[PDB]
Amino acid sequence: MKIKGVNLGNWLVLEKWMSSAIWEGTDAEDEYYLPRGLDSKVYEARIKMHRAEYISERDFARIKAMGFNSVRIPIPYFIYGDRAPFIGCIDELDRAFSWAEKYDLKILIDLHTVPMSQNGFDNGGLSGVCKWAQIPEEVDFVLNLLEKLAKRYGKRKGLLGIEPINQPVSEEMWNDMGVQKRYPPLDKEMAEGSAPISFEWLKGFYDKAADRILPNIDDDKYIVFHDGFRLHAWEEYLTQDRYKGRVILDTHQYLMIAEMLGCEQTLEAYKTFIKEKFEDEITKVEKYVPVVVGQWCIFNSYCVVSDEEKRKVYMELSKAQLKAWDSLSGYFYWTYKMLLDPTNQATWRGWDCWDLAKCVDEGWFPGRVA
Amino acid sequence: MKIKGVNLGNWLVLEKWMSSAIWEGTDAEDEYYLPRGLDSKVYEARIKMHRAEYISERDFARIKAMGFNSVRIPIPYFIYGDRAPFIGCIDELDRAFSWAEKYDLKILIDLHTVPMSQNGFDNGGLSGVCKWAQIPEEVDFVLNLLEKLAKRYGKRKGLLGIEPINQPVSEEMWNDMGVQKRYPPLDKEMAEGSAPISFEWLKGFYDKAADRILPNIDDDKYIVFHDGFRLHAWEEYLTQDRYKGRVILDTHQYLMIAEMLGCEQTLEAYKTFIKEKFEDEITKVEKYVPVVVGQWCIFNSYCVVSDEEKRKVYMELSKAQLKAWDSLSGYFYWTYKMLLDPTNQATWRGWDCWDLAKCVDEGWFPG
């Protein structure tokens, strides 16, 4: 297994910072409140235009041309069109499968959002609220959704696997990130009582998700479990007989943490950090379960210095991380594409490196990975 | 600078065949009728999303990375926002200039559409109507618009030049192409009296446009005159002393026209046509005036056959035309980007080669 991938962030699951136009004229910060700030016909028009334009067949041709073999697609819980006022997008996912199959790429379906949220992050669609796991109706809704998706795509050549939930927040991450202040909730009463998701509860959900997914996908397909921010917690759970050869652990690792931990802002120090904190630690998990780094990037404060120097640095950080991931089962860069405008929004300078295809065009990431 | 360019078709000037989402739920065939088929708030939402998503900074980075130095940007006559119900797009053009200057690209501003049309083509915004040149008030509107744009951008590092009007239709084109049957007018009364634009009228308009543009652009910038489908008509006009060093002739050349004229649909026949009808003829014009081939592509009916042979044919047609243009002042591929789905909408198989960036990714055009 050598998964070389990109994420399709901000396509079917909106991330406000990655593109401004859909948010114009509203005060919404997240997916949940966007339709509440617009006339229904305007919301529909913007959503449908965004989904048609942001990712299309030509993007799959580009991803293949860069040497990737896989794509991770964040999908929303409302994909089947059964959760008003949100707009379904099963047709978009169907088209993605057709384009992946044309270009000999495989898709990891990533259920990125759930009703009432698994993390309270803005990327989860509902800022500052984290109550999904406390609401059995919505847990059951998600399990039914996962079953439907497995039945729909489980025999497809273009399926790599299914990830039952992105980024279920741990107690440590919930407290350390100060989630409800970092992503302040609009409805304070909706937010009160929110709780992080315990390891034991998550294992129980994973058991049920496996019961819905594994019987309904072909025997070469994978279930991909997010680490729930507990990289080293999963040996006993993921070495169970039912999972042998059928599972991948997804961990998300951002280079920017090096600076917070005191890494010197030189290439030599960043490369040592990548070797020690990323390669050396994560390969310990690879010993007993395949691991993909399902979100990572080259963002760093040093490059936020001439343009030539920042190009040199970005390229070396790309190569150093790619080298680390060669000791694992693979990776998905976060993210393939944004619509950032650092030329005119000067405060976003240093942040366009989260757009992988743009990194390639700037000389910040290798032109080909295979 | 040898001009190595791509067009930004379908960005600010819509062309229905290149993307479907904006037309959903309507039977509009062109720019003019789109707002007539939608609630105003829906039209505005769709136009604004399309313009934000279709072209952005990352596209200028890609164009530079692919080795181009120039973009040709079709703009609509309603760009300043003064022609209801259409939506202005000065901001978009201003952003294009900022991105071009960041990436060391130059912009040819191409006025692609005019009120009541210069060609009756769908790409002119109003199918089957061609009356602009018969309406002095709208000719004047266009002259004022060109003057404003020349003043706004004429001192900018990122400006290559200004093209006063795209594809003003000739008598021969109007007759031979059967424009009004190919692009039938929705409103027969509006279309009544449509007529092609004569060479003598066009030179008169060019004199007026040059008076609005040339005093307002710097000496390293150009007025770019479309040939009006008359490649060889311009020697006397464009060698006047006042135009020396300030002018480029824009000619549009499509390999598929060879098929209409009876060319065999083989690579060898296409290459012969490219050498004899493109290179050998257009280089005669380059001898007396700079020429750019402002729209061209690799579309051919042969490729419409194994994927590998299709790839080799496309790459050879790219290389053969690039070789032809090497003896000219430059070119702009039509077009940079489309949103076709040939996988699911098989009508478009063989047509995605009009998307230059996708050509590069398929190995149909040199990296």
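No lab work stands behind these numbers, since they all come straight from the coordinates. Methodologically, a virtual Cβ is constructed for each residue, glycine included, from the backbone with ideal geometry; neighbour enumeration extends over all protein chains shown.
Farthest towards the positive end of the charge dipole of the protein assembly as shown, among the residues A:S306, A:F60, A:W17, is the Cα of A:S306, using unit charges on the Cβ of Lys, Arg, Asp and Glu. Around the amide H of B:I3, modelled in the peptide plane, lie the amide H atoms of B:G330, B:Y331, all under 5 Å away and 5 or more residues distant in sequence or on another chain.
The charge dipole of chain A, taken about its Cα centre with unit charges on the Cβ atoms of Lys, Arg (+1), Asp and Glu (-1) only, comes to about 1140 debye. For the protein assembly as shown, the Kirkwood radius over C-alpha pairs fed into Stokes-Einstein at 20 °C and 1.002 mPa s yields D = 77 µm² per second. For the charge dipole of chain A, defined by +1 on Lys and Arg C-beta atoms and -1 on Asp and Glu C-beta atoms about the Cα centroid, which residue among A:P168, A:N216, A:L317 has the Cα displaced farthest towards the positive pole? Of A:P168, A:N216, A:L317, it is A:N216. Note on the stretch A:147-222: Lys pairs 8 or more places apart or on different chains, Cα atoms under 24 Å apart, count 12. Relative to the Cα centre, the charge distribution of the stretch A:153-287, modelled as +1 at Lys and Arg Cβ and -1 at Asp and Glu Cβ, gives a dipole magnitude of about 560 debye. Electrostatic bookkeeping for A:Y32 treats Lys and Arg as +1 and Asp and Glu as -1; over the other residues with beta carbon under 11 Å from its beta carbon, the sum is -3. In order along the stretch B:80-95, the Karplus-derived 3J(HN,Hα) couplings, from 6.51 cos²θ - 1.76 cosθ + 1.60 at θ = phi - 60°, round to 7, x, 9, 9, 4, x, 7, 9, x, 8, 4, 4, 4, 5, 4, 5 Hz, and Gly and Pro are given as x.
One compactness figure for the stretch B:3-362 is 0.95, namely its Cα radius of gyration divided by 2.2 N^0.38 Å. Computed about its Cα centre, the charge dipole of the protein assembly as shown is approximately 1020 debye, with only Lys, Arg, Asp and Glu carrying charge at their Cβ. Backbone phi angles across the stretch B:284-296, fed through the Karplus curve with coefficients 6.51, -1.76 and 1.60 (θ = phi - 60°), yield HN-Hα couplings of 4, 6, 3, 4, 10, 7, x, 10, 10, 8, x, 9, 6 Hz in residue order; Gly and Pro are listed as x. Summing -39500 (n - 2.57) over the DSSP H runs of n ≥ 4 in the protein assembly as shown and dividing by its residue number, what mean residue ellipticity at 222 nm do you reach, to the nearest 500 deg cm²/dmol? The per-residue figure over the protein assembly as shown is -10500 deg cm²/dmol. Spatially, the stretch A:149-193 and the stretch A:298-365 are offset by 25 Å when compared through their Cα centroids.
With the charge dipole of the protein assembly as shown set up from +1 on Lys and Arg Cβ and -1 on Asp and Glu Cβ about the Cα centre, the Cα lying farthest toward the positive end among the listed residues B:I90, A:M1, B:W334 is that of A:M1.
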